[PDB]
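Structure provided below as structure tokens; questions to follow.
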RNA sequence: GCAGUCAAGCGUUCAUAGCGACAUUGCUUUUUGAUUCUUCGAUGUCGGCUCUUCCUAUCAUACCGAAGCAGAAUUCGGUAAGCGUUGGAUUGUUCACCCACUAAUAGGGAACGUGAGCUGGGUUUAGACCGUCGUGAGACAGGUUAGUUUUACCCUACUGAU
Ligand SMILES: [Mg+2]
Ligand SMILES: [Mg+2]
Ligand SMILES: [Mg+2]
Ligand SMILES: [Mg+2]
Ligand SMILES: [Mg+2]
Ligand SMILES: [Mg+2]
Ligand SMILES: [Mg+2]
């Protein structure tokens, strides 16, 4: 929520620490992404930096096509699993964790996105919402 | 070496009449009145014949005798201020952004207000002291005129305006933008 | 607009100043010693650098 | 380890923006020596974990001064210890070295802070193996494996409570 982020994101619950493997929502060859860092996180002794819905993270593809493997690169979270509260009132949670890969300007490498995408993620990133299928 | 006695001579003009008790110097004339407390100095004043006053020090050192001549110039400036008056002119300097200044009221206090100094949104208020009276000069572009009895007030009021418009985090040699003091003089001409 | 007269007005305050070598303090143009007492009133000054 | 003085030279031009040889004057006890004053009727000998406080020789944050300071990005210095100074891969490690984030990943002290607070990987008892040395018993501060961590109810201090 900063690197070319059009708008400001309200706080939500932190689902994915470093070491989590979310799925790959896009169709650019990658199968699943191992999160190593969060762009724009704090620093406290012993605390793991934790991503959430709409954040940008540094990820390495573990399972997938051989070109994407073995090179750290940016990505965006599109579905969570740890439930979060919206200002409107209701709590909600997706079935599984997922995220698209994208260059640091915030532009989609893949063509389309399978499954639903969060409304908090869609507004913060314009190029995600261009290819987005179901918005919540 | 402890000087046995030293003295200076204050020449009083035909208009004014000055009064001193302890070390409180009242000075009255055609423009108005002034006052100054000098109870930190240790000197002696003495009258001789209306148009001449004699300040003196007895058994003074080097730094003591230095302050003796200072007192002459302070009391002289009170006399020249109440007779002729003081008049400080300043000019605007700018390249791209034109500075727009105007006198504004706030609880009847009167402030100088500088807008758009080097293309800024912050509005720079500067207070106007008691005695000084500001007015913008017609038929000369980008000029201001301060004037009053006291030098201490007028000059200090000019200095505040001067020092509220600094350029921060830039090469000041290149960025020559500000409101600078041009000419110091008197209100009345002739003298 | 530089303006010949108003350039010389601004340069009187900004450019025409000396500087102490020890403490880098700004000083008047024809001074002999630095007014700051931390550097010990040293007598090693120089002119402020010209712009092009 | 840290700081001065002098200034032959470097810095297109120019001793001193920023640098600086030959010399010379200091401060420090976060290095290592030199010494053997105290302790051998014993002051528990490495590192890590945990937690508090202090120092400034200031890495970042506040406000400033210089520049070979157009802007942007940097470089040198002042007042300042108010407030911060991380997550990992390998090693018992201190130290080191990489990856990543970050405003920043500054340096130190407190019996080389801290074992009736922990842990016991390391060192340094007894078991055992290899290599070199020794006629041999054995040696090796060379490598490798397995090896007991006791006691507070007393006075004070601290935290609460009459
Ligand atoms: Mg830990
Ligand atoms: Mg002896
Ligand atoms: Mg003991
Ligand atoms: Mg200091
Ligand atoms: Mg110890
Ligand atoms: Mg203990
Ligand atoms: Mg043999």
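Start at 1 and count along the chain as shown; that gives each residue its number.
Backbone N, Cα and C atoms are what each Cβ position is placed from, and that goes for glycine too.
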For the feature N6,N6-dimethyllysine in Swiss-Prot, which residue out of A:62, A:70, A:82, A:105 does the record point to?
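Swiss-Prot records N6,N6-dimethyllysine at A:105.
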Within 10 Å of its Cβ, which one of these modified residues (A:105, A:109) has the largest number of other Cβ atoms?
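Buried the deepest by this measure is A:109.
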Give the distance between the Cα atoms of residue A:1 (N-acetylserine) and residue A:109 (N6,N6-dimethyllysine), rounded to the nearest whole Å.
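Residue A:1 (N-acetylserine) and residue A:109 (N6,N6-dimethyllysine) have their Cα atoms 19 Å apart.
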